[PDB]
Structure formats: structure tokens, C-alpha cells
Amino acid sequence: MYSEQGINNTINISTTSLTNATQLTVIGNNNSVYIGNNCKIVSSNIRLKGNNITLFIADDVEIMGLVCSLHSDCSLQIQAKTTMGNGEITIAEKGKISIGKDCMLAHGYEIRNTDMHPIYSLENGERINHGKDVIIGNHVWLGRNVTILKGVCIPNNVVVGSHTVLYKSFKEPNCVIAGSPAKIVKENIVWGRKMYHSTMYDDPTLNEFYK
């Protein structure tokens, strides 16, 4: 459920979705929220402060303790079957963040498309750190306390090591990324949710990654 103030906000949250202990605050005009079926979005605080903002959460998404701040003309899209523990998402500068299907974001994530303040080059006075969209691909696992900064695109089927800060995009899927700066530390892997399988062949969710 939610607290909505302004003109022509559209909030459509499926009746099959649970929103226990969550604060959804929409302050402004022409904002739109869609939450799909069989979601569990609990103990969160989602704030849309501005105009023309979009939040889209697909089916079967489970979120616990997300603190999310969206400003005018920004967009957050989270695709189906993604799960997220406690963390923070911040979108400004009329930008966007997208998180793919069947991602797994462990406690302590911080994801942002913006530094929130300008840096200028002394060579010409011009701003050099404009906001840039973040794209997290399908089936990405962010370990604990991962930080994803502006402009970063993460390929499909990637694991990001605990405590890693990503400043730059990667192109290689099926790898583990860790260190500073962040780099590929292992290639040719696939991760899964349940650790009771002899091999990957026992997890029917993984077939697409190896077939």
C-alpha cells in the first residue's frame, strides 16, 4: 500500500502482491507505479519525489528492506523473479536503472546512476560526471555490500564478489568479478540459488546457460 499526493498518479499494484511494512510515497504529478503478480515487497521505503517518474516491478519479485529514491523523469525497472535483500537505489538526473530477470541481490547493495553533485574540469569549466544509466543483466548475483555506480552495465550470468565497487561496465558474461579495480577473477561459470545439486545439471533453471 501507499501514500500518493499530486495530480494524475497511477498506481497499479496487483492484489496478489504483498506489501507488508512498506512505505510507498509518491509526491508530484503524472507518476506511474506498476507492481506485478505474486510479488512480496516488504519493509521497504520507496519514494517517488518529482514528476513523470516510472516504477515497474514484474511478476514474482521479492524485496526486503529496499530504500529507494527516484527524482523527476527517472525510471526503475525490475524484471521477473528477481530477489533483493536490504539495500539502496538512487536515481536522479532524469536517468534510469534496469535490473534483469532472476537476479539475486544480497544485503548491502548500493546502486546509483548519479554522484548527486557535479565535478568540473579546470581545462574548460565543463561538467565531467553527468549521470549515466545502469543496466544489470539477467541472472546477476550481487554478493554482500556491493556498490554499482553510474553508467555500469553488467552482463548476464555474472557474480559480483562481496564488497566490490563497480565504476566501469563489463562485456563478458558467465564470470565472477571482484577486486579494485574490479576485474574478472574467474571465467566460464554459472551460479544457482540452491546449493544441494551435485552439478548444474540438477538445477532446471540453469539449462539455458549451458545448452
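Quick note: we count residues from 1 along the sequence shown, nothing fancier. What we label the rigid core is the largest C-alpha set whose atoms superpose within 1.5 Å from one form to the other.
Take 94 to 102 and 117 to 125, fit the other structures onto the shown form by the rigid core, and average the C-alpha distances in 4 other deposited structures of this protein: the farther stretch is 117 to 125. RMS Cα deviation from the shown model in 4 other deposited structures of this protein, rigid core fit, is larger for 194 to 202 than for the other stretch of the pair 20 to 28 / 194 to 202. Taking the mean C-alpha B-factor of each stretch as recorded, 65 to 73 and 169 to 177 are not equal, and the higher mean is that of 169 to 177.
Between 146 to 154 and 179 to 187, it is 179 to 187 that carries the larger average Cα temperature factor according to the deposited entry. For residue 92, the recorded CA B-factor ranks within the lowest third of the chain. Only modelled residues enter the ranking. In the deposited entry, the Cα temperature factor of residue 53 sits in the bottom third of values across the chain's modelled residues. Among the modelled residues of its chain, residue 128 has a C-alpha B-factor that falls in the lowest third according to the deposited record. Among the modelled residues of its chain, residue 40 has a C-alpha B-factor that falls in the middle third, as given in the PDB entry.
Residue 80: CA B factor in the lowest third of modelled residues in this chain (values from the PDB entry).
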